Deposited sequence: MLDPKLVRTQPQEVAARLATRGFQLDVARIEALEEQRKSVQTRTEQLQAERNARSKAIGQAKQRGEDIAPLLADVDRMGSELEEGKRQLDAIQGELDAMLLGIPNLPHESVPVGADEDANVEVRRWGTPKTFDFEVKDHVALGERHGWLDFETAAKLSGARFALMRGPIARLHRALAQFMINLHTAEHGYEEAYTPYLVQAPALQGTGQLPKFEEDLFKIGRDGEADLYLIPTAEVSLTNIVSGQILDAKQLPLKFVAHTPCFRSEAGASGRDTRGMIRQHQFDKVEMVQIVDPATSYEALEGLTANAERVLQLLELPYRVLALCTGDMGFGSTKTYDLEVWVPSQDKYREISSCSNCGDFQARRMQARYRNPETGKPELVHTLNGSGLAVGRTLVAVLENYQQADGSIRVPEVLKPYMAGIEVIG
């Protein structure tokens, strides 16, 4: 949610800033509900309608965010590594993995339908090695505290991070009789960020850094029909930060660097994109996407999204900290970033590390997790 004072004192400036995202602020309804409540007080229903409107408003993009309409207006800020030149015809992860039944889409389809995967033996072990390396890296070197969370949440947690009320269709819901319904988490951002909801933290507690390795579940309601790039279920190592508002934009640079370090250590060439106003997610003020080189596609493909949410989720969660200067409980800033989506890292590893015979070289950092295996197949 946006600062309600801003939606009252500066309605035109807020609408002009939101217009860069392609969002049309209903200035007419707000000016009317403000004129209605002012008449009723002079002489709960009028607040209830405004609250639902306020919960449907995307975050204000930060001033440094490039103004654009779509993904074509996203800006490459930097790159790392040289995409490999292969001395043979490049295979995709599907062809590589299906050769010994170690990556199996057909058995997964027989079990669960489309957008599911079965991994076996060394490919299953490589996927597990990737998630373990990621969580070990962030806990040892990047200052994140590990967390195991529920993968099923109720509606208030999703509303806290912004998936509810507007994006229900993107979630898998478990309808329960005489109980509140549950939703499968689309990301550990939901469970991790909500740890601090309804609380007044000590300034000394900041920054709060969390990391969780969880499965992620998305209906994918709204491309990538072949392979495991866009699955209903995927593992992801999520980084979440609860920070002092004055530090959040510096925290985004550090968070993005944390995600980048995973790719650098795996020696996976990538690029960093600053998302334009018209391509960013609902709850973000500023986003950097990491896109890994995919040899069979001859392009970079998204593997991480690192965002600063400012006070947007904190306002929905009523997550505060006691400001050391004023003594006043003030909203915190929240940030989240993939470090990384594990299934997409497995795609990047299989493809970038393939050899002429169709075998796969094991990345150096993953060899301690591969029980002696150095070449797959």
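- Residues 44 to 89, 269 to 271 of the deposited sequence, counted from 1, carry no C-alpha coordinates in the model.
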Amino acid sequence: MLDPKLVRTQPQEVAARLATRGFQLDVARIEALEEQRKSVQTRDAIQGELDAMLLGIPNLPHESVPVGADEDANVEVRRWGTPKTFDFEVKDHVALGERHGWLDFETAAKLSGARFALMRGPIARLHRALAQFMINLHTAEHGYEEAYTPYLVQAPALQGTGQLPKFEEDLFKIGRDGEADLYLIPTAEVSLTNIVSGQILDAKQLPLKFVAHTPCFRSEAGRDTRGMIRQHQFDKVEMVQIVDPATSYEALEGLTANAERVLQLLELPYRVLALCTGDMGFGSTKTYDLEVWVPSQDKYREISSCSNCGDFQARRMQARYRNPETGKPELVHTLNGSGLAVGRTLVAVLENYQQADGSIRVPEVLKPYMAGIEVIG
From here on, numbers count along this sequence of modelled residues.
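- Higher average CA B factor: 68 to 76, of the stretches 68 to 76 and 253 to 261.
- Averaged over CA atoms, B-factors in the entry run higher in 175 to 183 than in the other of 175 to 183 and 302 to 310.
- Of the candidates 344, 316, 29, 320, the PDB record gives 29 the highest C-alpha temperature factor.
- Ranked against the other modelled residues of its chain, the C-alpha B-factor of residue 150 as given in the entry falls in the lowest third.
- Ranked against the other modelled residues of its chain, the C-alpha B-factor of residue 248 as given in the entry falls in the middle third.
- In this PDB entry, residue 222 carries a Cα temperature factor that places it within the highest third of its chain's modelled residues.
- Per the PDB record, residue ranking by Cα B-factor puts residue 297 in the highest third of the chain.
- Ranked by Cα temperature factor within the chain, residue 215 sits in the lowest third according to the deposited record.
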